[PDB]
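Asker: Read top to bottom, the protein sequences are chains A and B.
The numbering of the first sequence is this note's numbering, which starts it at 1 and goes up by one.
The numbering of the second sequence is this note's numbering, which starts it at 1 and goes up by one.
A virtual CB, placed ideally from N, CA and C, is assigned to each residue, including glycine.
Structure in structure tokens, see below.
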Amino acid sequence: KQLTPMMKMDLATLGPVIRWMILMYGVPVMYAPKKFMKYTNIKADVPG
Amino acid sequence: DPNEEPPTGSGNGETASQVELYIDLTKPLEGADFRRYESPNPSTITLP
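Here it is in structure tokens:
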């Protein structure tokens, strides 16, 4: 759920420097917790 | 006609079907999402 997309906001000019910030608001929500699962403690020594 | 079946079931005042039809008529647009029409958010398009 997105309150606003990834946006750019301009900041104040206190001198010969240009400033701005990038912001994003949101949260992930899953409605059915029992329709997901996970595997834990998996071993895979492919790096070496 | 002595052999014609007379209609019945007229003794149940405030029938459930009548209540459902009344709800459908007197309360239209129920359960619709109108939140978008009072949003002061300039961005109305959802992007990743």
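Within its chain, find whatever has a CB closer than 6 Å to the CB of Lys-27 (chain B); leave out the 5 residues flanking it on each side and keep chain order.
Answerer: none
Asker: Determine whether the Cβ of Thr-46 (chain B) lies closer than 8 Å to any Cβ atom of chain A.
Answerer: When Cβ-Cβ separations below 8 Å define contact, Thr-46 (chain B) makes contact with chain A.
Asker: Is DSSP giving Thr-26 (chain B) helix, strand or coil here?
Answerer: helix
Asker: In its own chain, which residues sit with a C-beta less than 8 Å from the C-beta of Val-29 (chain A), not counting the 5 before and 5 after it?
Answerer: Result list for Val-29 (chain A): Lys-1, in chain order.
Asker: If we define contact as Cβ-Cβ less than 8 Å, is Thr-4 (chain A) a contact residue for chain B?
Answerer: Contact of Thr-4 (chain A) with chain B is assigned, a C-beta pair being separated by under 8 Å.
Asker: Go ahead and pull the three-state DSSP assignment for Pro-33 (chain A).
Answerer: helix
Asker: Any Cβ of chain A within less than 8 Å of the Cβ of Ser-39 (chain B)?
Answerer: no
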